[PDB]
Each structure stands twice: as C-alpha cells, then as structure tokens.
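Engineer: Pasting a structure below so you can have a look.
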Amino acid sequence: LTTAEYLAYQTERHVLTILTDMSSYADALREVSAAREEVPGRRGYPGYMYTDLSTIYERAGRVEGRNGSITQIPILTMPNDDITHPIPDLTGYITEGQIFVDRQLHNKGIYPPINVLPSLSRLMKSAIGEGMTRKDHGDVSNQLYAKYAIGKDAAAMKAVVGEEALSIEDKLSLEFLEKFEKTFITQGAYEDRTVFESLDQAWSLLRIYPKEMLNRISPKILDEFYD
Amino acid sequence: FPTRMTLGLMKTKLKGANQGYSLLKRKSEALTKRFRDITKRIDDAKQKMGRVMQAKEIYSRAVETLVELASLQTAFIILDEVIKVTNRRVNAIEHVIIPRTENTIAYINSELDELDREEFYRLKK
Amino acid sequence: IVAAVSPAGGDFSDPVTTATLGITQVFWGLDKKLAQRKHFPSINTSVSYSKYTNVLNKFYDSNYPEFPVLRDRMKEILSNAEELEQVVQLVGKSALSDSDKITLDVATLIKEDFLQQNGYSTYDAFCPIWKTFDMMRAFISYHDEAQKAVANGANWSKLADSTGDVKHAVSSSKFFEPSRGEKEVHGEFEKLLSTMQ
Amino acid sequence: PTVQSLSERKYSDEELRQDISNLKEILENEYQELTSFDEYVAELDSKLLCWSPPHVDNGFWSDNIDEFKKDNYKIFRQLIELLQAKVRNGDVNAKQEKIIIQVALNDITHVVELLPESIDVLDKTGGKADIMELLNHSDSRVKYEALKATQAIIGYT
C-alpha cells in the first residue's frame with residue numbers, strides 16, 4: 001500500500017494493486033489480534049477488523065490535481081463456499097460491487113466462472129460510454145445479462161415440461177445462453193481480448209437473436225451498430 | 001438439533017422449494033392455457049358433433065374424428081385435474097412449506113446466536 | 001503430505017477443515033449423502049478440485065489426452081447431470097427430453113461404471129491410469145455417439161434396446177487383470193462402437 | 001424447363017441419366033437462389049422470421065411458386081406447421097412471434113392466392129379453424145392479416 005502510495009502522490013503515475021488470499025491475511029490478523037490476548041468476537045474474529053479493512057481498501061482512489069491514479073482490486077476466498085463469512089460481509093458494504101465465482105461452471109470444464117448475475121460494479125457507469133469505452137457497452141452488457149438470466153429461467157423451464165413447450169423468446173434466450181456460455185463466457189488462461197473485440201463478440205453473439213428480441217437496446221445505438 | 005449444517009440443509013430445501021414453486025407456477029400457467037384452448041376446442045367439437053346427429057357408407061371416417069375430439073376432451077379434463085393438483089401444490093409451497101422453513105430457520109438462527117453469545121460470554125469471563 | 005480431517009457429521013463448517021482448506025493444495029471431499037447410501041467411497045462432484053490440475057495437465061502433455069482433456073469433458077457432463085438431476089428430483093421422470101434422458105443415463109453410468117470401486121474385491125482392488133482413461137474414453141464415446149444418434153433422428157427407447165451388451169461391458173471395463181489386456185479391450189470397445197451403427 | 005423435361009425424359013445409358021440428374025441438381029442449386037428461396041427456408045427451419053419482401057414481391061413469390069408443392073405440398077405443410085405449432089401450443093402473441101405469425105399469414109395468403117389447390121390441405125391440417133380463430137387478436141394488424149386471409153379463403157369455396 002505504501003509502495004503504491006509512493007508511486008501515486010509523489011511519482012505521479014498510474015498504479016494497480018492486487019491482493020491474494022485475503023482470508024489468510026484475516027487469519028493472520030486474527031493471530032496478531034490474539035497476540036494481545038484480547039477476547040475475540042463472533043466466530044473468533046476481531047471487532048476492529050472492519051477498521052482494519054477500512055485502513056486497507058481506502059488506499060485506492062483518485063487525487064485532485066494529480067494525474068497519477070491508484071486502483072486496487074483485492075481477492076478473498078469464501079470459507080466453506082459460503083458468502084455468509086464475516087470477511088465477505090466486511091468487503092461487501094465497503095467496496096463497490098463484487099465479483100463472485102460459480103463452482104458449477106468451474107466444474108463444467110470451462111474458462112473463468114464469474115457469474116454474470118452476482119457480478120456488479122457501482123462505478124461501472126463511469127467506466128463506459130463515448131470517450132471511455134463505447135456507447136454500445138452498457139446497453140449490450142445489460143442485454144447480455146438479461147439474456148443469461150432469462151436463458152437460465154428458460155433452462156429451468158425446459159427441464160420441467162420439456163423442449164416442446166419452448167417459446168420464441170424462450171428458445172432464443174436458450175440459444176443465447178448456451179452460446180454465451182460456450183463462447184462469450186469462455187476466454188482462456190493466457191487469453192486477453194480487447195474491449196472492441198469484446199463488444200464485437202457481444203454483437204456477433206447477439207446476432208443470433210432478432211432485431212425485436214432486445215428490449216434493453218436503444219434505437220439510435222442499434223442503428224449505428226448493427227451492420 | 002440447532003446446528004449450522006441443519007440450517008444449511010433447511011435453507012437449501014427452502015431454496016429448492018422456492019424454485020420448485022416457481023416451476024410449478026409456470027407449469028400451472030401453461031397447463032391453464034392449454035386446458036383453456038382444449039376447452040374452446042371441446043366446445044367447438046361439441047357443436048361440430050352436435051351438427052349432424054339425428055344414408056350410405058364412409059361413416060367410419062366420421063365418428064373417428066369425433067372419437068379423437070373426445071380423446072382430446074378427456075385429456076383436457078385430466079389436464080384440468082392435474083392443473084388443480086398443481087395449484088394445490090403451489091398453495092402448499094406458498095403459506096405452508098415456506099412459512100415453516102422460514103420460522104424454523106429463524107428459531108435455529110436465534111438458538112445458534114444465543115449459544116454463541118453464551119460461549120463468547122463464558123470466554124470473556 | 002497426505003492429511004485427513006475428521007469433520008463431525010460430514011459438515012464442511014468444521015474449523016479444522018476450514019483452517020486446512022486455506023493451506024492444502026488439494027482437497028478430496030467425502031459426501032455424507034453417498035456415504036450413507038452404502039455407495040463406493042464418496043466424492044463430491046462440485047466440491048472436489050485441484051490447483052495442480054494445470055501443472056498436472058502440463059505433465060500430461062507428454063502422456064497425451066484421454067483423458068487429460070476428457071476429464072474436463074466428463075466434469076462438464078457430470079455437472080450438467082447434477083444440475084439436471086437437481087430439477088429432476090423436483091420434477092420426476094414424467095416430462096423430459098431425449099438429451100435429458102441420455103444425460104441421466106450418462107450420470108448413472110458415470111456413477112456405476114467409473115466412480116464405483118471395490119477395495120475388498122481382488123479384481124476391483126485397483127485400476128490403472130490408462131485403464132480409467134480407457135473407461136472414461138469408452139463412456140465419452142458412447143455418450144457422444146448417443147448425442148450424434150439423437151441428432152440422426154433415432155429415438156431413445158430403440159437406441160437403448162439396441163445394444164444391451166455394450167452397457168454391461170462398459171460397466172465391466174475396470175480392470176480386472178491389467179495392464180496386458182488393455183489395448184485388446186480398447187479394440188473390442190471400438191469394435192462395439194462401430195457395431196452400434 | 002429444358003432440364004425439367006430432360007429429367008422427365010428417359011435414357012438407355014446409365015452415365016447419361018446420372019449426368020442428367022446431376023446437371024439438373026446442379027442447375028437447381030443456384031436456381032433456387034436469385035431471388036433466394038433459401039432465405040425464407042432459413043427463417044422457416046429456424047422458426048424465426050423477419051422483415052423481407054419475399055411474400056410481398058410477386059416476382060420472388062413466383063420464383064418459388066413451383067417449389068411450393070412437391071410431394072403432398074410438403075413445403076406448404078412445413079410452412080403451415082409453424083403456425084399450427086403456434087396455434088395448438090404457445091399462442092402467446094408478443095413482439096417477434098406476433099409479427100412472425102402475421103408474416104406467415106400474409107405469405108400463406110399469397111400462396112393460397114397463387115395455388116387454388118392448396119385449400120384442400122388447409123382443411124385437413126386444421127388450418128381452416130385456426131385461420132378463423134385468428135380473426136380476433138391482440139394486434140389490429142394481425143387481425144387485419146387474418147381477415148385478409150379469411151377473405152382470401154372466401155375468394156374460393
């Protein structure tokens with residue numbers, strides 16, 4: 001944190017921080033707190049842990065008058081596959097948005113299993129748009145998420161009455177879900193795709209659906225994109 | 001009785017009962033629409049069979065279609081009964097199973113929190 | 001280092017297992033549901049994972065596929081079969097598609113003809129890597145052939161009643177006298193796959 | 001027409017007949033796409049239609065007119081199959097499905113207008129009842145197309 005701070009306020013340069021296994025650091029901080037022989041809190045954790053995380057995640061941000069910006073993206077493993085853990089609850093209300101992981105997709109022999117449903121960002125509104133990424137970013141993002149969700153609901157429905165009861169938008173969402181899962185979601189370990197390539201792949205995957213199949217898209221954008 | 005594992009099993013059963021409730025609801029809707037269309041078709045087949053009731057051959061190609069319509073009618077009735085059973089299951093998954101699971105989860109959570117509070121109090125002492 | 005935790009009741013909330021999880025590079029879980037079912041040794045499908053799988057694949061690059069990359073495929077089939085069985089338990093065998101039935105049969109087969117191992121039996125005491133890879137290859141072959149036949153306009157019932165020997169042979173494909181009779185068994189399996197038509 | 005007559009003709013030599021059928025198939029391969037009838041075939045097979053003047057243009061309809069009925073009007077049967085499947089099952093009209101069933105209604109209308117013998121099948125396909133049942137719909141345009149097809153069926157009785 002001090003290293004990132006020295007390259008920001010002083011050196012004035014763009015910095016990025018990444019922390020691995022914050023749970024191990026939580027157990028470490030638990031041992032450090034137990035070193036003072038203090039009475040532990042719920043589930044054997046310090047009550048000041050909230051402030052401890054508040055003294056960590058607050059090291060990220062943009063400074064007024066400074067070109068160099070520092071961004072931090074911590075990572076923590078949920079114990080016993082439970083989001084009810086104190087750590088996740090601590091980073092939840094503190095940090096803006098959270099990136100989860102689906103064990104099913106990870107057990108499906110695919111690329112990184114980040115569930116689109118659970119995945120969210122509060123500052124995502126400022127990271128897109130014309131001049132930032134693209135004007136087709138947010139709309140196609142929400143449309144893809146809706147396609148995955150409705151595709152999941154249709155997947156549950158098709159597992160009930162069968163595929164003979166599949167409706168128009170239902171089948172479209174099914175194909176879109178299967179495609180996005182086998183194409184869009186799957187990238188690779190060393191694979192790095194550009195934002196332009198991501199948007200292009202998104203439009204290409206959404207091309208399977210008709211023009212009226214997307215109610216989350218604007219007319220001007222759709223007219224200035226589809227070709 | 002009040003264990004975290006039991007709470008997990010109860011919560012999982014609750015979520016599964018919720019998804020099953022949604023599925024049974026959608027299935028009840030589809031069955032309702034199907035039974036409705038089959039009902040209109042039953043009325044149309046009733047008027048059609050009532051058109052000519054009370055000669056030459058080829059009558060075997062007449063009563064056959066009426067028999068098919070009758071089969072569709074019986075299937076529609078069975079669909080109505082099945083829709084009733086589905087609605088009953090949905091009603092049982094609404095104020096019965098959900099409330100019981102919620103109350104049980106609440107009581108278990110209270111017991112676990114109280115026990116943890118007692119243990120923490122003993123440790124503090 | 002081989003370590004075995006003893007969680008009470010089979011709960012993953014055990015502090016011992018909780019602490020041992022953030023350390024050990026490999027964790028083999030035991031499902032209490034399959035254990036009480038008098039089934040051969042329990043391993044949770046979604047819970048079981050390995051961080052050395054990438055390195056093990058890098059080491060399997062010399063030993064080639066079957067089933068280096070087919071383990072992920074079998075994982076996909078088993079996971080999809082789990083997601084399907086989760087609904088099926090709340091649905092039943094009444095309303096289902098052909099791919100769903102094929103997936104269920106694939107689940108039952110992967111459970112009975114692969115995961116099942118008898119330590120008491122002399123023949124089932126142990127299985128070779130190439131043997132298990134051969135059984136997995138045969139299962140994946142029958143599965144892919146079933147998916148292909150389903151797209152060929154063939155029903156489920158006729159296809160299931162067509163070959164009754166291939167299934168019993170697929171269940172018996174675990175050695176049982178390795179490793180000399182491997183290639184021949186593979187040839188007979190491929191011969192059966194070609195005899196399916 | 002020459003290839004059609006040649007296909008209707010006879011040949012003693014095997015190679016001659018084989019080359020004849022092969023040449024006929026080869027011609028019919030690019031003949032179907034001019035004026036591409038495969039474009040509508042893609043919409044029919046995928047059971048998802050769109051906005052194109054395939055049934056609007058009399059020429060494009062005339063190009064695929066001869067391909068409308070091969071064996072027991074198989075193409076027409078497959079054309080009515082989507083609407084029938086959207087009748088006995090589904091039949092929830094919103095966005096896509098409605099405009100698709102409407103486009104299929106207009107297409108089948110032009111088809112019936114072209115082919116007078118296409119009526120006898122519609123009665124045995126249950127389309128006669130479904131067409132009349134489409135008189136009252138959610139959309140006034142769908143009801144307009146259904147009424148147009150109704151007047152079309154009233155044209156020849």
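Naming scheme: A, B, ... for chains in displayed order of the structure tokens; residues 1 onward per chain; ligands 1 onward as shown.
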Sort by chain and increasing residue number a table of all residues of chain C within 7 Å of chain A, each with its closest pair of atoms and their distance in Å to one decimal, counting only C-alpha atoms, and write it as a tab-separated table.

Structural biologist:
residue	atom	partner	partner_atom	distance
C:12	CA	A:80	CA	5.8
C:13	CA	A:80	CA	6.1
C:18	CA	A:79	CA	6.6
C:22	CA	A:24	CA	6.8
C:46	CA	A:107	CA	5.8
C:72	CA	A:109	CA	4.3
C:73	CA	A:109	CA	6.2
C:75	CA	A:108	CA	5.5
C:76	CA	A:108	CA	3.8
C:79	CA	A:108	CA	5.9
C:87	CA	A:159	CA	6.8
C:91	CA	A:160	CA	6.3
C:95	CA	A:161	CA	5.3
C:96	CA	A:162	CA	5.0
C:97	CA	A:162	CA	5.5

Engineer: Mind listing as an MDAnalysis selection string which residues of chain D are within 12 Å of chain B, counting only C-alpha atoms?

Structural biologist: chainID D and resid 86:92 124 126 129:130 133

Engineer: Would you return as a PyMOL selection string the members of region 30-208 of chain A that DSSP assigns to strand (DSSP E) on this structure's backbone?

Structural biologist: chain A and resi 70-74

Engineer: I'd like the neighbourhood of residue 9 (chain B) as a tab-separated table (two decimals) with N, CA, C and O atoms, in the first residue's frame, where a residue qualifies if any of its atoms comes within 12 Å (using only C-alpha atoms), though same-chain residues fewer than 4 positions away should be ignored.

Structural biologist:
chain	number	residue	atom	x	y	z
B	2	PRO	N	-30.12	-27.79	16.80
B	2	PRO	CA	-29.72	-26.48	16.27
B	2	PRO	C	-28.27	-26.45	15.80
B	2	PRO	O	-27.40	-25.98	16.53
B	3	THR	N	-28.02	-26.95	14.59
B	3	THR	CA	-26.68	-26.97	14.04
B	3	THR	C	-26.61	-26.17	12.74
B	3	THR	O	-27.63	-25.97	12.07
B	4	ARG	N	-25.41	-25.71	12.40
B	4	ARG	CA	-25.21	-24.93	11.18
B	4	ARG	C	-25.49	-25.77	9.94
B	4	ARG	O	-25.99	-25.26	8.94
B	5	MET	N	-25.16	-27.06	10.02
B	5	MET	CA	-25.40	-27.98	8.92
B	5	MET	C	-26.90	-28.17	8.69
B	5	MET	O	-27.36	-28.22	7.55
B	13	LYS	N	-33.20	-26.72	1.18
B	13	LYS	CA	-34.52	-27.27	0.92
B	13	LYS	C	-35.52	-26.15	0.66
B	13	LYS	O	-36.45	-26.31	-0.13
B	14	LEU	N	-35.32	-25.02	1.33
B	14	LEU	CA	-36.20	-23.86	1.17
B	14	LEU	C	-36.04	-23.25	-0.21
B	14	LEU	O	-37.03	-22.94	-0.88
B	15	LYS	N	-34.79	-23.07	-0.63
B	15	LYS	CA	-34.50	-22.52	-1.95
B	15	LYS	C	-35.02	-23.45	-3.04
B	15	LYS	O	-35.60	-23.00	-4.03
B	16	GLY	N	-34.79	-24.75	-2.86
B	16	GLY	CA	-35.28	-25.75	-3.79
B	16	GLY	C	-36.79	-25.76	-3.88
B	16	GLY	O	-37.36	-25.97	-4.95
B	17	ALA	N	-37.44	-25.53	-2.74
B	17	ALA	CA	-38.90	-25.47	-2.69
B	17	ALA	C	-39.39	-24.19	-3.37
B	17	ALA	O	-40.50	-24.16	-3.90
B	101	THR	N	-40.39	-23.39	6.95
B	101	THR	CA	-38.95	-23.33	6.76
B	101	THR	C	-38.38	-22.02	7.28
B	101	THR	O	-37.30	-21.99	7.88
B	104	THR	N	-38.58	-22.05	11.15
B	104	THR	CA	-37.57	-22.99	11.65
B	104	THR	C	-36.17	-22.39	11.54
B	104	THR	O	-35.36	-22.52	12.45
B	105	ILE	N	-35.91	-21.74	10.41
B	105	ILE	CA	-34.61	-21.11	10.17
B	105	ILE	C	-34.40	-19.97	11.15
B	105	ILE	O	-33.28	-19.75	11.63
B	108	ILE	N	-33.78	-21.49	14.66
B	108	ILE	CA	-32.47	-22.11	14.67
B	108	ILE	C	-31.38	-21.04	14.72
B	108	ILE	O	-30.38	-21.19	15.42
C	11	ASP	N	-19.82	-32.25	8.00
C	11	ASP	CA	-20.04	-30.83	7.75
C	11	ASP	C	-18.75	-30.14	7.32
C	11	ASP	O	-17.67	-30.42	7.86
C	33	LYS	N	-24.07	-37.94	1.93
C	33	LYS	CA	-25.24	-38.50	1.27
C	33	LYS	C	-24.91	-39.82	0.58
C	33	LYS	O	-25.66	-40.78	0.67

Engineer: Counting only C-alpha atoms, which residues of chain D come no farther than 8 Å from chain A, as a PyMOL selection string?

Structural biologist: chain D and resi 48+50+89-90+95-97

Engineer: Output C-alpha atoms for every residue in the selection just made, as an mmCIF file, in the first residue's frame.

Structural biologist:
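This went into again24.cif:
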data_model
loop_
_atom_site.group_PDB
_atom_site.id
_atom_site.type_symbol
_atom_site.label_atom_id
_atom_site.label_comp_id
_atom_site.auth_asym_id
_atom_site.auth_seq_id
_atom_site.Cartn_x
_atom_site.Cartn_y
_atom_site.Cartn_z
ATOM 1 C CA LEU D 48 -37.934 -17.314 -36.715
ATOM 2 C CA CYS D 50 -38.068 -11.185 -40.147
ATOM 3 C CA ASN D 89 -49.317 -24.809 -28.412
ATOM 4 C CA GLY D 90 -47.868 -21.448 -27.421
ATOM 5 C CA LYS D 95 -43.217 -8.791 -30.283
ATOM 6 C CA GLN D 96 -41.464 -11.347 -32.515
ATOM 7 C CA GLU D 97 -43.977 -14.225 -32.501
#

Engineer: Can you list, as a compact mmCIF listing (two decimals) with N, CA and C atoms, in the first residue's frame, every protein, DNA or RNA residue that comes within 9 Å of region 65-69 of chain D when you count only C-alpha atoms, leaving out same-chain residues fewer than 2 positions away?

Structural biologist:
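See part01.txt below for the written result:
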# COMPACT_ATOMS: atom_id res chain seq x y z
N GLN D 32 -32.44 -21.85 -57.20
CA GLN D 32 -33.24 -21.53 -56.03
C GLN D 32 -32.84 -20.18 -55.44
N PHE D 37 -34.83 -18.42 -52.45
CA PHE D 37 -35.90 -19.07 -51.71
C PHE D 37 -35.35 -19.69 -50.43
N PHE D 60 -40.65 -12.60 -56.60
CA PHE D 60 -39.96 -13.50 -55.68
C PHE D 60 -40.87 -14.67 -55.30
N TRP D 61 -42.16 -14.39 -55.17
CA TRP D 61 -43.14 -15.42 -54.87
C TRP D 61 -43.33 -16.34 -56.07
N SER D 62 -43.20 -15.77 -57.26
CA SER D 62 -43.35 -16.53 -58.50
C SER D 62 -42.15 -17.43 -58.74
N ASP D 63 -41.00 -17.02 -58.23
CA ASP D 63 -39.77 -17.79 -58.38
C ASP D 63 -39.84 -19.10 -57.59
N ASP D 71 -44.14 -32.96 -52.90
CA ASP D 71 -44.86 -34.17 -52.53
C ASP D 71 -45.91 -33.86 -51.47
N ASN D 72 -47.18 -33.92 -51.87
CA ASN D 72 -48.31 -33.62 -50.99
C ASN D 72 -48.16 -32.25 -50.33
N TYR D 73 -47.62 -31.29 -51.09
CA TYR D 73 -47.38 -29.93 -50.61
C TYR D 73 -46.56 -29.93 -49.33
N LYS D 74 -45.41 -30.61 -49.37
CA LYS D 74 -44.55 -30.75 -48.20
C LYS D 74 -44.03 -29.40 -47.72
N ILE D 75 -43.69 -28.53 -48.66
CA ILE D 75 -43.18 -27.20 -48.31
C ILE D 75 -44.30 -26.37 -47.70
N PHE D 76 -45.50 -26.50 -48.25
CA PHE D 76 -46.67 -25.80 -47.72
C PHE D 76 -47.04 -26.35 -46.35
N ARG D 77 -46.90 -27.67 -46.19
CA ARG D 77 -47.19 -28.32 -44.92
C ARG D 77 -46.22 -27.85 -43.84
N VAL D 111 -49.74 -17.41 -51.09
CA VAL D 111 -49.54 -18.78 -51.56
C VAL D 111 -50.87 -19.39 -51.97
N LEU D 114 -52.07 -17.89 -55.09
CA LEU D 114 -51.39 -18.46 -56.25
C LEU D 114 -51.87 -19.88 -56.52
N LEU D 115 -51.91 -20.70 -55.47
CA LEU D 115 -52.30 -22.09 -55.61
C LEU D 115 -53.72 -22.33 -55.09
N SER D 118 -54.41 -25.51 -52.85
CA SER D 118 -53.77 -25.52 -51.54
C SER D 118 -54.80 -25.44 -50.42

Engineer: Which polymer residues have any atom within 7 Å of an atom of region 74-87 of chain B, counting only C-alpha atoms, with same-chain residues fewer than 5 positions away left out, as JSON, numbers by chain?

Structural biologist: {"B": [24, 28, 31, 32, 35, 38, 39]}

Engineer: Fewer than 6 positions away in the same chain doesn't count, so skip those; otherwise give me all residues within 12 Å of residue 148 (chain C), counting only C-alpha atoms, as a ChimeraX atom specification.

Structural biologist: /C:98-99,102,140-142,154-156,159,196-197

Engineer: Tell me, which residues of region 11-178 of chain A carry DSSP alpha helix (DSSP H), written as a VMD selection string?

Structural biologist: chain A and resid 22 to 34 49 to 54 86 to 94 103 to 106 137 to 158 168 to 178

Engineer: May I have the residues within 7 Å of residue 81 (chain C) as a list in words, using only C-alpha atoms and disregarding those fewer than 6 positions away in the same chain?

Structural biologist: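 Near residue 81 (chain C), the qualifying residues are residues 103, 104 and 107 of chain C.
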
Engineer: Determine the nearest neighbour of chain B from the options C:55, C:16, C:90, C:30, counting only C-alpha atoms.

Structural biologist: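 Result for the nearest residue to chain B: C:90.
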
Engineer: Any idea what the distance is between CA of residue 98 (chain A) and CA of residue 7 (chain B)?

Structural biologist: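 Those two atoms sit 25.3 Å apart.
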